[PDB]
Amino acid sequence: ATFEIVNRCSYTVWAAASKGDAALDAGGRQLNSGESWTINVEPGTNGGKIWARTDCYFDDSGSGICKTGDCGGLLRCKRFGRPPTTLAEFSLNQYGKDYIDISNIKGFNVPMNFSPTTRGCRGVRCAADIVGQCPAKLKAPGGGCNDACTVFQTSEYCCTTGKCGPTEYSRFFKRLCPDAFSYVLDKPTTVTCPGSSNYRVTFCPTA
C-alpha cells in the first residue's frame, strides 16, 4: 500500500513509520512545511503506526533526540515513539479488509487527517488545539499533551486488567476529537476500508 505523508504545518516535523519491531519503508524522514514523503508499506502489515516528531536534532549517523515521539534516538525509526504522539494506526489486508484509526491513547502532539486516497471508505481527523487546551497535569514540558496512562501509570488509565471505563482525562481527548480513540475500551472509531486501499496522512490539515 502507498501512504503519502504531507506536512501542512508551519513547522518542520520528522515523520515516523513503524510496526513496533521494525521500520516501515525508510522508517523516518524530515518533512519541512509543505514537503511530502511517499512510503510503501507491505501488504498485510498489522499494527502499523505513523506519527510526527517535533523539535528534533540528528547527527550525520542519523542519531539524536526528538522532544516528542523520539524512537530510541534514531532518524529512521524501528520502534514506536515516546509519548506524547498523535497516532495514525492501521492493519492492512486483514481478511480482505484494511482497518485504520487515529488514536490519542498515547497522547497528542500534532493535528492529523488520515484519509484513503482510493474509493470505498471515509477518512478520520483529529484537528483540535489539544495542546493549547491540555489539562495542566497532562501538559508535556517538552511539548504536547500526554495521555493519563503515561503520566499516572494506573490500572484504570492503562486498562491493565482489560476492565476500565472512561475518565475525566479520556473525556477531554474525546470532546476535542470524537473521531479518535481516547482510551483503550473506547467505542471504536476504526474505519473499515477496502483491502489494499491507499492513504494520505496530513499533519496540520486545517492550518
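Residues numbered from 1 in each chain as written, not as in the entry; some residues may be left out. Heavy atoms only, no water.

Looking at the entry header, you'll see X-ray crystallography listed as the method and 1.5900 Å as the resolution.

A. A look at the state of the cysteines. Here the structure, examined in full by the defined rule, presents 6 disulfides. Residue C9 pairs covalently with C204 via a disulfide, S to S 2.1 Å. On the sign convention where negative means left-handed, the S-S torsion of about 90° between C9 and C204 marks this disulfide as right-handed. Of this pair, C9 sits in the loop between β1 (2–7) and β2 (13–18) while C204 sits in the segment after β12 (199–203), and the two are 195 residues apart along the sequence. On the basis of relative accessibility, which here comes to 0%, the residue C9 falls in the buried class. (Disulfide = S-S within 2.5 Å. Helix = DSSP H or I, 4+ residues; strand = E, 2+ residues; numbered from the N terminus. Buried < 20%, exposed > 50% of the residue type's maximum accessible area, 1.4 Å probe, protein only.)

B. Spatial organisation of the sheet that holds β1. One open sheet accounts for 5 strands, arranged β4-β1-β12-β9-β10; its pairing is mixed. Taken across any chain shown, the strands that pair with only one partner, and hence form the sheet edges, are β4 (36–40) and β10 (124–126). When the angles between neighbouring strand axes are averaged without regard to direction, this sheet yields 15°. Note that strand β9 (residues 112–116) and β10 share 3 bridges and pair antiparallel. For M112, the partnering residue across the bridge sits in β10 and is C126. (Pairing = 2+ DSSP bridges. Axes fitted to C-alpha atoms, helices over the stretch in contact; angles between N-to-C directions.)

C. View of the packing of aromatic side chains. This model, assessed by the stated rule, comprises 9 aromatic pairs. Members of the aromatic cluster, connected to one another through ring pairs, are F3, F90, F114 and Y199. Above the face of the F80 ring, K49 is positioned so that its terminal group lies 4.7 Å from the ring centre. (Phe/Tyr/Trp six-rings, centres within 6.5 Å; stacked < 30°, edge-to-face > 60°. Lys NZ or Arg CZ within 6 Å of the ring centre and 35° of its normal.)

D. Here's a closer look at the UniProt feature "disulfide bond" in the chain. With its sulfur atoms placed 2.0 Å apart, the pair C71 and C77 listed by UniProt as a disulfide is counted as bonded here, the threshold being 2.5 Å. The exposure classification of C71 matches that of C77, with both residues buried. UniProt pairs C134 with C145 in a disulfide, and the coordinates agree: the sulfur atoms lie 2.1 Å from each other. Here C134 is found in the loop between α1 (130–133) and α2 (148–152), whereas its partner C145 is found in the loop between α1 and α2, with 11 residues between them in sequence. (UniProt positions renumbered as here; feature names shortened; annotations may be inferred.)

E. Main features of the side chain of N146. Relative to the assigned elements, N146 resides in the loop between α1 and α2. Its relative accessible area of 12% is what places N146 among the buried residues. Setting aside residues up to four positions removed in sequence, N146 forms contacts with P83, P84, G107, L138, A140, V151 and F173. (Contact = heavy atoms within 4.5 Å.)

F. Summary view of the pattern of salt bridges. Evaluated as defined, the whole model comprises 5 salt bridges. Where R122 meets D179, a salt bridge forms, and the shortest distance between an N and an O atom there is 3.5 Å. Of this pair, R122 sits in the loop between β9 and β10 while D179 sits in the loop between α4 (168–176) and β11 (191–194), and the two are 57 residues apart along the sequence. Exposure remark for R122: the relative accessible area of 45% places this residue in the partly exposed category. A relative accessible area of 31% means that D179 is categorised as partly exposed. Note that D186 is salt-bridged to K174, the shortest N-O span being 3.1 Å. Of the two residues, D186 is situated in the loop between α4 and β11 and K174 in helix α4; the sequence distance between them amounts to 12 residues. Each member of the pair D186 and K174 is classed as buried. (Salt bridge = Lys/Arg side-chain N within 4 Å of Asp/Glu carboxyl O.)

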